[PDB]
Amino acid sequence: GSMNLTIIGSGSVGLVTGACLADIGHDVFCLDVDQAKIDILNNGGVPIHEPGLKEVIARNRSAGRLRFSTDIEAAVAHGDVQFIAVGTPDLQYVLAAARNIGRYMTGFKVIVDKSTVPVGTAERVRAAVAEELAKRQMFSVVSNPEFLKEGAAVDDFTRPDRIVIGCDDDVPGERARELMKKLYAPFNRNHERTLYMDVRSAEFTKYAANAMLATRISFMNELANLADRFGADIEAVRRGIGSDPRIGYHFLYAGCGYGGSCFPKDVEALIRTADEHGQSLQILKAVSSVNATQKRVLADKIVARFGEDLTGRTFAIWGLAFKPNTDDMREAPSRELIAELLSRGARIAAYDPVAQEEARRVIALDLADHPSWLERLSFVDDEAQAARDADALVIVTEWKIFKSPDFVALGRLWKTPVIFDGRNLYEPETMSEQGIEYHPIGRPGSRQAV
Amino acid sequence: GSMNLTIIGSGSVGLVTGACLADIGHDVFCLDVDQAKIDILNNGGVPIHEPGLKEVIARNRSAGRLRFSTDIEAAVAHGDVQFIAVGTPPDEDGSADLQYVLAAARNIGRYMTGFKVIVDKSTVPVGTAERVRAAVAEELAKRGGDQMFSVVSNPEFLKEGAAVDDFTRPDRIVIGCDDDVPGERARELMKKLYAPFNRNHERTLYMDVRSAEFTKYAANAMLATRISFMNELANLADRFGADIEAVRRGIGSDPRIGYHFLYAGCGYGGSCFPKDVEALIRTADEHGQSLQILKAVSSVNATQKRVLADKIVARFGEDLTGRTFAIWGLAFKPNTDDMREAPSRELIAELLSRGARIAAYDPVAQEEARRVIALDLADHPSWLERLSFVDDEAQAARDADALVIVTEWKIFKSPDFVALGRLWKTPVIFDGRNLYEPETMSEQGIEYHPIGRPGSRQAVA
Ligand SMILES: O=C(O)[C@H]1O[C@H](OP(=O)(O)OP(=O)(O)OC[C@H]2O[C@@H](n3ccc(=O)[nH]c3=O)[C@H](O)[C@@H]2O)[C@H](O)[C@@H](O)[C@@H]1O
Ligand SMILES: O=C(O)[C@H]1O[C@H](OP(=O)(O)OP(=O)(O)OC[C@H]2O[C@@H](n3ccc(=O)[nH]c3=O)[C@H](O)[C@@H]2O)[C@H](O)[C@@H](O)[C@@H]1O
């Protein structure tokens, strides 16, 4: 039941896919054009922030089931199944990957689009492979999207909610489908986790899922902003609607918006694809609009409280990464908040358990046209230090360390006991009793807040 | 354990609420202004299409735990807890109309002589309980009264046609109460009242009044959003040859999204989603906020209700004179006679406007569809002359150019295509609810036009 597999692209998705498939007994070749990334992996290091991944990689390297190389030809010759797992920030990489398989392949290949790619990409992949073959075998291209979450990727892969497989129903298609069935059998020994459909529907599914997740978030963010206008508590509302099983409890946390390298990119790509086919996605456009403005809500509340000129003010920032348990700064709400406060003259002292180095890098690039503003941005070693002389503390990313802080320690440090909370971590009444002026998103402030 | 309760407004919400609460041992007085409705209930009839309701009513009348009356003063004197369950239809500007709610409140204030818990069970905008309190307090001040009270929010989450089951086995019970002295007194009374429902699982969510009020709108708005979300994707699926039902399985299998309420089709209707979505939009706009997503959700639903006529016009032409269409399904959803905002009404108007003849079938809603469609098209008598209603699903297809499925009644899920093949002109089906597998339709020689999925080969050809 063991298969020879190649993963093309050893980024987050490709690396966990390859290592975990090796771990169930497949013989896996992980290919990447990035020689440093490959050297690092071959040296025993892991280029990414993923719990449990180092140990999976190590034991499968030792067992002879997992290799890392930049050797394109060797990669093609190895894998009967070729997973395309390159980035999609733009399809040249996906297509270049396809051409290489076509340029070197010798027997039947199943080519698996695992990267998130627009509907119709498998057809373009097929054409690229075909024409290479023309210059000189059969194959079929399958869609098998990834549903991993950054920082939880090993668990997400090893215990998936479902595995979606899009395949043609022609002869090479059914042969590919049988091979994918064999490949994923170890995940299907209890509940059937695999969902088979046609290629285009599988392609569409990945965008639709991320789009729905984003829609839930922006939906609650609009209601949170309304809650702040008419005296309601969005967390009460979240539990009140989540308890309808047709809605469910997850991804309904209002706050300072969504970021990351997935939702913004995928919802924008779907909006673009639709418009290119002559349809305006009204709901998704609203979703994207709402999120862009939601990343300004913390600054809106701060300006309402302190005025437009924040010169002479200092704000402590708790959280920089787009979500907890990652160092990923891509589309992080913290970047918008920091730019806005710096533009208004404030000093910023920022803390994040892991993302400080990457945050300093990308915020400096964000603000390259105003290099002097960076003179007012500092990053500290521990969360309490950020609060020194602060007019207010601003919570952006709900790392666990922020959930139960030492408010007495903070009270000896800050200038005024005011908190703006983009993630709704604390009970407003508790904040009231502690003499803290509390400004959450969509919930009534502490008594001091009004 | 038993408490004396009054329900003000004996429409479906009030009737089901009153009868089911009498059935757990409470002594319930159901008040309504409509003397005919009350006469009918006292003669053992039921004004609504709710399975099981007539039986619960009969049992509790016999037990002396359920009374029906138009006597307002008797109603107020009876109930220590007064549920306001009157209707909240759209006002002219689309906001919730609170005239009946406030009239009920004033009646309580004008007659009450001891502590009252006033329960807003009607769907009412955030802030309504405060207006109810102001109105009750005004009536008490006029009277020189010393009486205290508290207004609680306790929304209803019943589905029409399944109300008894939804009430007796709720997913949750939402109770919004103030935390002042009268408010805590009320909360404890509400806890007592619903105790039987929390015996084994805690089903009640307690929160503040405004959050309870908001919860009801938010829940219906989210359900509507899931539907319009999938309808937009269905229309896109057609453009790049994907299958919306495969996408539904593919995203519904993420438990963060869930499987329910992801059925694309010819749109949502009924007496709740359209009015509640519009009322929330209005409430927000009156507070200076534009709800961009909900406005989009409403806009796509409006256009979705035109999709079936669009497909039919694409297939047969702008002029449908001399064409006949069979309509399967009239009610806004299965298992009800409710015609409010039904997609069938828009479809039928568009087809008649273009000259078509229509033969319509619904297992239950024919009487009501007759009434409202005659109203819809009052300006166009000649259109109504081309509309008929049949008593048999197959008879609708007599001489029909196509069959159009609008409401997924179970009887439609297993058609007798032999019976149909004897009747229709051409085996063409436009399916607003995606009942059948396209491949299966291709095999039976049916030209099948679903929403957001590839059709049969005949449809493609
Ligand atoms: O396409 C992908 O690769 C992945 O994208 C997301 O994963 P990810 O972006 O890592 O993280 P999420 O946990 O979805 O968080 C996304 C953003 O939403 C925010 N969020 C999340 C949930 C919520 O209720 N509210 C909310 O604001 C988070 O703070 C974060 O900024 C999806 O959750 C994965 O299923 C998907 O595979
Ligand atoms: O406010 C209310 O009293 C009730 O409103 C709705 O109940 P209802 O209007 O009876 O009907 P639904 O079953 O929700 O159907 C609404 C519409 O959505 C359509 N729909 C539903 C589900 C779906 O996946 N797709 C879809 O188009 C249905 O055909 C129907 O036209 C809610 O479901 C109840 O929870 C709520 O208590």
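Heavy-atom basis, side chains included; hydrogens, waters and symmetry copies ignored. Sequence lines set the chain letters: A, B, ... in the order given, protein chains first and strands last, and positions in each chain run from 1. Atoms within each ligand, like the ligands themselves, are counted from 1 in listed order.
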Note the single closest protein heavy atom to atom 25 (N) of ligand 1, along with its residue, its atom name and the distance in Å.
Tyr253(A) O, 3.0 Å

Search all heavy atoms of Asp171(B) against all heavy atoms of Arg203(B) and return the closest pair with its distance.
O-NH1, 2.9 Å

Contact between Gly255(A) and ligand 1, counting heavy atoms under 4.0 Å?
no

What protein heavy atom lies closest to atom 14 (O) of ligand 1? Include the residue and the distance to one decimal.
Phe251(A) CZ, 3.1 Å

Hey, is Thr407(B) touching ligand 2 through its side chain, its backbone, both or neither, going by heavy atoms under 4.0 Å?
neither

Which atoms of ligand 1 are found less than 4.0 Å from any heavy atom of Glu150(A)?
10 (O)

Does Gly260(A) come within less than 4.0 angstrom of ligand 1, counting non-hydrogen atoms of the residue?
no

Suppose we measure from atom 37 (O) of ligand 1 to each protein heavy atom; which comes out shortest, and what is that distance?
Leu148(A) O, 2.7 Å

Heavy atom of the protein closest to atom 17 (C) of ligand 1 (residue, atom name, distance):
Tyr258(A) CB, 3.6 Å

When you measure from the heavy atoms of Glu331(A) to every atom of ligand 1, does any distance fall below 4.0 Å?
no

Proximal atoms of ligand 1 relative to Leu252(A) (non-hydrogen, under 4.0 Å)
24 (O)

Nearest heavy-atom neighbours spanning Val154(A) and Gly52(A)
CG2-C, 4.3 Å

Between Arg340(B) and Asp338(B), does the salt bridge (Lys or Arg N to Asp or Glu O under 4.0 Å) criterion hold? Intermediate values first, please.
CA-CA 6 Å; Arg340(B) 183 155 297 162; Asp338(B) 192 351; 5.4 Å; no

When you measure from the heavy atoms of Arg256(B) to every atom of ligand 1, does any distance fall below 4.0 Å?
yes

When you measure from atom 27 (O) of ligand 2 to each heavy atom in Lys333(B), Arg433(B), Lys159(B), which option holds the nearest one?
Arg433(B)

Between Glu341(B) and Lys305(B), does any side-chain N to carboxylate O distance fall below 4.0 Å?
yes

Taking both backbone and side-chain atoms of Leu223(B), is any N or O found less than 3.5 Å from an N or O belonging to ligand 2?
no

Quick look: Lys265(A) vs ligand 1, heavy-atom contacts under 4.0 Å, and the answer is neither

May I ask which of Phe263(A), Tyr249(A), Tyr207(A), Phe147(A) has a heavy atom nearer to atom 32 (C) of ligand 1 than the others do?
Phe263(A)

So does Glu278(B) pair up with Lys275(B), basic N to acidic O under 4.0 Å?
no

Among protein heavy atoms, which lies nearest atom 3 (O) of ligand 2, and at what distance?
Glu156(B) OE2, 2.6 Å

Examine ligand 1 and decide if any of its atoms is less than 4.0 Å from a heavy atom belonging to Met220(A).
no

Does the N or O separation between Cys272(B) and ligand 2 drop below 3.5 Å for any pair?
no

Salt-bridge test for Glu235(A) and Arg239(A): reply yes if a basic N is under 4.0 Å from a carboxylate O, no otherwise.
yes

Parallel, tilted or perpendicular: rings of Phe273(B) and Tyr268(B) (30°, 60°)
perpendicular

For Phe322(A), take its heavy atoms, then give the atoms of ligand 1 lying under 4.0 Å from any of them.
9 (O), 10 (O), 11 (O), 16 (C), 29 (O), 30 (C), 31 (O)

N/O of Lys216(B) under 3.5 Å from N/O of ligand 2, yes or no?
yes

Polar atom proximity, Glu398(A) to ligand 1 (N or O, under 3.5 Å):
no

Between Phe187(A) and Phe157(A), how do the two ring planes meet: parallel, tilted or perpendicular, split at 30° and 60°?
perpendicular

Answer yes or no: is there an ion pair linking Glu398(A) with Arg423(A), defined by an N-O contact shorter than 4.0 Å?
yes

Contact between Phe332(B) and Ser271(B) at the side-chain level, heavy atoms closer than 4.5 Å - yes or no?
no

Does a side-chain heavy-atom distance below 4.5 Å link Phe157(B) with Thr215(B)?
yes

Got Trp399(A) and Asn325(A) here, is their nearest side-chain heavy-atom distance under 4.5 Å?
yes

Select one of side chain, backbone, both or neither to describe which atoms of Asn220(B) lie under 4.0 Å from any atom of ligand 2, heavy atoms only.
side chain

Between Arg340(B) and ligand 2, which part of the residue brings a heavy atom under 4.0 Å of the ligand: side chain, backbone, both or neither?
neither

Regarding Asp254(B) and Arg256(B), does a basic nitrogen lie under 4.0 Å from an acidic carboxylate oxygen?
yes

N-O pairing of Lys301(A) and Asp228(A) below 4.0 Å:
yes

Is the distance from the ring center of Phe229(B) to that of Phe261(B) below 6.0 Å?
no

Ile227(B) to ligand 2: N or O pair under 3.5 Å?
no

Among the heavy atoms of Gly257(A), does any lie under 4.0 Å from an atom of ligand 1?
yes

